[PDB]
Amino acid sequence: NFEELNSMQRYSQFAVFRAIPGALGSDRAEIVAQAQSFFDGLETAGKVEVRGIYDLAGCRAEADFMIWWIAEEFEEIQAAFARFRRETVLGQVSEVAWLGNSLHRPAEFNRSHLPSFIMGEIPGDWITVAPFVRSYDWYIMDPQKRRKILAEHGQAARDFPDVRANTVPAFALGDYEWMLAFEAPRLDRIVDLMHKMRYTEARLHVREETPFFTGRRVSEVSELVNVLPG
């Protein structure tokens, strides 16, 4: 029944940043120590949980890295986000590219469908994040019809148990209806999942699903900072 897990309050934010060429320089040791200190402090304060930091190099123009963090209260994410930008050189030398905000809620029909991060699953080595906006008719549609469509949609993913879904309401937290995050040990599994999921009636009820942000989880800030353009 997952009643407790369906009832908890957790805001989730994908903070996507772009490197400013020429800003970081080549002596990045102090910049890495400071950034690491900032994340250390977040962990100990216990309010904002960093699920991952991601190297988005080569995914798209105008984005380079992403922080996925989660908190019981959105003002806690606000504070940390603002703190990153204001009180760390890394945040001072990066530009905000895109923010994907969401608030976990129970599914309408399948109460066993819960985000990977809510289930406490270890995060995947590879991720793709994107927003979603359903067709205008999607929610006023007869409920048994929508139920059947979502049942097919889930069935279409049967061969990809290794790809972990995170489908989270984003209404009023930006321009979208949902935040999506797919975690997997291998990028090719996410590509193949997305390709297979095109073969679903649910595709007839879609309005927007970009931008996509795809990248590799790093073990520590030093691994990301060293990759960035100077």
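Residue numbers run from 1 along the displayed sequence.
Looking at mean Cα B-factors across 125 to 133 and 83 to 91, the upper value is held by 83 to 91.
Per the PDB record, of the two stretches 48 to 56 and 30 to 38, 30 to 38 carries the greater mean B-factor over its C-alpha atoms. The PDB entry assigns its highest CA temperature factor, among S116, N101, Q144, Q78, to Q144. Per-chain ranking of the deposited C-alpha B factor places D192 in the lowest third.
In this PDB entry, the Cα temperature factor of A151 sits in the middle third of its chain's modelled residues. The deposited CA B-factor of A19 belongs to the middle third of values across its chain. Per the deposited record, the Cα B-factor of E43 falls in the highest third when ranked against the other modelled residues of its chain.
For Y139, the recorded CA B-factor ranks within the lowest third of the chain. Only modelled residues enter the ranking.
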